[PDB]
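Here is the structure we will look at, set down as structure tokens.
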Ligand SMILES: [Ba+2]
Ligand SMILES: [Ba+2]
Ligand SMILES: [Ba+2]
Ligand SMILES: [Ba+2]
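Chains as they are written, first to last, in the numbering used here: chain A, 23 to 145; chain B, 23 to 145; chain C, 23 to 145; chain D, 23 to 145.
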């Protein structure tokens, strides 16, 4: 584990897990720090990739942060995971309930209705 | 000691102690100069590192400043240290007073209460 | 254990743990009973001594109380201990947090600033 | 030195230096504690005696106090002495100034006026 803040050539502050292998660096769980206490936002809200590879030629400064920001970052990154798991449980329960109710509703049906059901499902 | 102002590719003015060793330069006690008299702000308010290493390919101009800005910078950099030391003394005194008062409060206690204290502290 | 209410020559009612050895009696956890349900107050709010020794020549009547007052006295004397322990935990946690924050704040300092810190602490 | 609070048969709280020799006790710098923070008042504001001798048959409880009251008592008993010394200096300076001014005023006088002065002073 290695948490190091950095400043991008664009002019923004990125905090996350860093790995510098061969110049090009790998970033995990990156967060944009908005100056405003502190506010953190997702860096790449359009991708699900765990790691993002960038080039060291496009980063200005890489430095270790103070402990308060470390605590805030850890708290935020565990709250997000907890909420994600809670939503997964909610979705699974709703899916199970809907499937059971649909099964019971479909159970009471006639033969011709079942044939029409199959035909329209095929269509 | 070597104080030289510089202009970054972003378009900001940085004043601080500079050391140019092998192209990449080391900066200590950097300050952003805001055009407004003069106003100075911390450059990296999220890190406690004494020195920051940047690349000469990302700096436009490095030049020595006039004496008025030198005087203002020295005054500001000593005022900050003085205030830091004063706050350290304040915190130490408050901690000592709180510890002493807690010790006297805990002194007056019963055996069963002491056992409950130890159990809940262990929990 | 022996709980016996008594009436003082002053004209007040004291309830607490009693021990009559050689005329002079020892009282622990004494409480003044205010006639108003029942209201209890500390008897000696300026001392931390567990036991107080008084003379039997200065007490009018010593008698055992009814069960309702015993229950109220026990409830009050456990609530006070519980609140005392809770406040001890609060104070310890606050002291630990303040000490940790002061340590991190002092960690980031310069040599001359450290020397000034030591000199002013000595003063 | 021995500071012990006590409760009198009258029903008041006395704090001061105590000495128990032969039953009868000696009290120095006694203060009445008024329940209201804490407020202290002189016990015997009509006498200048340093020590007052009372009988143990007229005191209910004698117990050691907590540290906060000790600190307050010491602070008050040094402030009173400091103010007393300051007033002594004020009075001495005023007396010296008045004596000097009277001496200079009396210096310029005639022989018959001096004789009348002596006669009326004798009267
Ligand atoms: Ba770089
Ligand atoms: Ba250049
Ligand atoms: Ba009796
Ligand atoms: Ba007595």
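Backbone N, C-alpha and C fix where the C-beta goes; we use that ideal spot for every residue, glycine too.
- According to the DSSP assignment, residue 55(B) belongs to the beta strand (DSSP E) that extends over 46-56.
- Within the chosen limit of 7 Å, ligand 3 does not reach the beta carbon of residue 90(D) with any heavy atom.
- Judged by pairs of C-beta atoms under 8 Å, the segment 82-94 of chain A touches the segment 25-40 of chain A, as three or more such pairs exist.
- Unbroken beta strand (DSSP E) runs of no fewer than 3 residues, entirely contained in the segment 73-144 of chain B, are found at 73-76, 81-85, following chain order.
- The DSSP-derived three-state label of residue 24(D) is coil.
- Ordered by chain, the residues meeting the criterion of a beta-carbon within less than 7 Å of a non-hydrogen atom of ligand 4 are 76(C), 77(C), 80(C), 78(D), 79(D), 81(D), 82(D).
- Taken through DSSP and simplified to helix, strand or coil, residue 69(B) comes out as strand.
- In the DSSP assignment, residue 60(D) falls outside any beta strand (DSSP E) and carries neither an H nor an E.
- Neighbours of residue 114(C) in chain B, taken as residues at a C-beta separation under 7 Å, are given in chain order as 124.
- Against chain A, the CB of residue 76(B) has a partner CB under 8 Å away; the residue lies at that interface.
- Taken through DSSP and simplified to helix, strand or coil, residue 33(A) comes out as coil.
- If you check the CB distance, residue 54(C) and residue 34(C) come in under 8 Å.
- Residue 94(C) and residue 103(B) do not touch by the CB rule: their CB atoms are close to 60 Å apart, not below 8 Å.
- A residue is called buried once 16 or more other Cβ atoms fall within 10 Å of its Cβ, and residue 132(A), having fewer, is exposed.
- Apart from sequence neighbours up to five positions away, the residues of its chain that approach residue 51(B) with a beta-carbon distance below 7 Å are 38, 39, 99, ordered along the chain.
- For residue 66(B), the nearest CB of chain A lies under 8 Å from its own CB, placing it at the interface with that chain.
- Rounded to whole angstroms, the separation of the alpha carbons of residue 64(B) and residue 74(B) is 13 Å.
- Exclusion of the five residues before and after residue 62(A) leaves 37, 53, 54, 55, 56, 94, 95, 98 as the residues of its chain whose Cβ lies within less than 8 Å of its Cβ.
- Of all residues in the segment 75-97 of chain D, those with a C-beta nearer than 7 Å to a C-beta of chain C are 82, 83, 85, 86, 87, 88, 91, reading in chain order.
- At a cut-off of 8 Å between C-beta atoms, residue 70(B) counts as an interface residue with respect to chain A.
- Within chain A, no residue has its beta carbon less than 8 Å from that of residue 48(B); the closest one is some 11 Å off.
- Bridge pairing for residue 41(B): 48(B) [DSSP].
- In this structure residue 78(A) touches residue 45(A) by the C-beta definition: roughly 5 Å separates them, less than 8 Å.
- With fewer than 16 other CB atoms across the displayed protein chains lying within 10 angstroms of its CB, residue 117(A) is exposed.
- One alpha carbon belongs to residue 111(D), the other to residue 141(C), and they sit about 37 Å apart.
- Identification of chain C residues near residue 33(D) by a Cβ-Cβ cut-off of 8 Å yields 32, ordered along the chain.
- Ranked by Cα distance from residue 126(B), the options 58(D), 91(D), 105(D), 47(D) are led by 91(D).
- Not flagged as an interface residue toward chain B: residue 63(C), since no C-beta distance is shorter than 8 Å.
- Residue contact check for residue 56(A) against chain B: no CB pair falls below 8 Å.
- Rounded to the nearest angstrom, the gap between the Cα atoms of residue 48(C) and residue 128(B) is 23 Å.
- Not a single C-beta of chain C is nearer than 8 Å to the C-beta of residue 36(D).
- Note that the C-beta distance between residue 113(C) and residue 124(B) is below 8 Å.
- The C-alpha of residue 139(B) is placed about 11 Å away from the C-alpha of residue 105(C).
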